[PDB]
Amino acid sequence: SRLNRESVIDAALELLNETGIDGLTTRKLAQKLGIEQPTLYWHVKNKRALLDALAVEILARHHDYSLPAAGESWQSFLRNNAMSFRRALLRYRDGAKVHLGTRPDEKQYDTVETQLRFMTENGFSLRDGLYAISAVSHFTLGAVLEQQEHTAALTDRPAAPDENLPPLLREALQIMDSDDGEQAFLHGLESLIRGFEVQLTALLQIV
């Protein structure tokens, strides 16, 4: 194969969907590309280096609501931004676990800076703006991880005997499974956003 950055990464992403993060090794990537290991080592030093790069690339390719639109309200930006972030994490098996074990890349700095400036120029102290942005991040991350890791454990685990399930719980699990968690996610998201709105509005009032 061709062995530039882009090709190595295209191959790595496909491999990730076949094996998931734990079955992703340098040996298997060498095979898939049709090359010996020392050849690969020249381009890719080890597993950590590869993951760091996949993290960055998943967002660069698929997280396209990174910045506010012109005139857009902070509420709406938080909404769209979070939607875009879940979509991207979901696009690859173990996407979220790949992201988690990484920190922001040079390329991502000034995208995040712009996000922080945008909140402050809308009335948030730098602190409160960061808290808001983190909260949305964490909530999203956790919601996707519980979806993805729950479906990764359906392999080695039994079913729950609906027999001894109590009634509310039984109805509750049927509801989680009716979709991917999108509804619970969007509903939760609105509650977060309004909660930040109440905090901002209050200023120095007791609220």
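Numbers for residues come from their place in the sequence shown, where the first is 1. For clarity, a rigid core is taken as the largest C-alpha set superposing within 1.5 Å between two forms.
Chemist: Would you say which of 109-117 and 87-95 moves more relative to the shown form in 6 other deposited structures of this protein, going by RMS C-alpha distance with the core superposed?
Modeler: Most displaced of the pair in 6 other deposited structures of this protein: 109-117.
Chemist: If the other structures are each fit on the rigid core, which stretch ends up farther away in C-alpha terms in 6 other deposited structures of this protein, 135-143 or 41-49?
Modeler: Of the two stretches, the larger average C-alpha offset in 6 other deposited structures of this protein falls on 41-49.
Chemist: Check this for me: in at least a third of the other entries compared, is residue 70 absent while its neighbours are modelled?
Modeler: No, none of the compared structures omit it.
Chemist: Tell me whether residue 167 turns out to be unmodelled in at least a third of the other entries of this protein, restricted to those that model residues on both sides.
Modeler: Result for residue 167: never missing in the compared entries.
Chemist: Per the entry, where is the mean C-alpha temperature factor higher: 170-178 or 39-47?
Modeler: The recorded data point to 170-178.
Chemist: Going by the average Cα B-factor in the PDB entry, point out whether 51-59 or 149-157 comes out higher.
Modeler: If you average the C-alpha B-factors of 51-59 and of 149-157, the larger mean comes out for 149-157.
Chemist: According to the deposited entry, which of 83, 126, 136, 89 has the largest Cα B-factor?
Modeler: Checking the PDB record, the top C-alpha B-factor among 83, 126, 136, 89 is at 126.
Chemist: What third of its chain, lowest, middle or highest, does the C-alpha temperature factor of residue 140 fall into?
Modeler: Within its chain, residue 140 is a lowest-third residue by C-alpha B-factor, going by the deposited values.
Chemist: Taking the values exactly as deposited, rank residue 195 by C-alpha B-factor within its chain and report the matching third: lowest, middle or highest.
Modeler: It falls in the bottom third of the chain.
Chemist: Which third of the chain does residue 24 land in by C-alpha B-factor: lowest, middle or highest?
Modeler: Ranked within chain, residue 24 CA B lands in the highest tercile.
Chemist: Classify residue 103 as lowest, middle or highest third according to the C-alpha B-factor given in the PDB entry, relative to its own chain.
Modeler: Ranked within chain, residue 103 CA B lands in the highest tercile.
Chemist: Which third, lowest, middle or highest, does the C-alpha temperature factor of residue 120 belong to within its own chain?
Modeler: For residue 120, the deposited C-alpha B-factor lands in the middle third.
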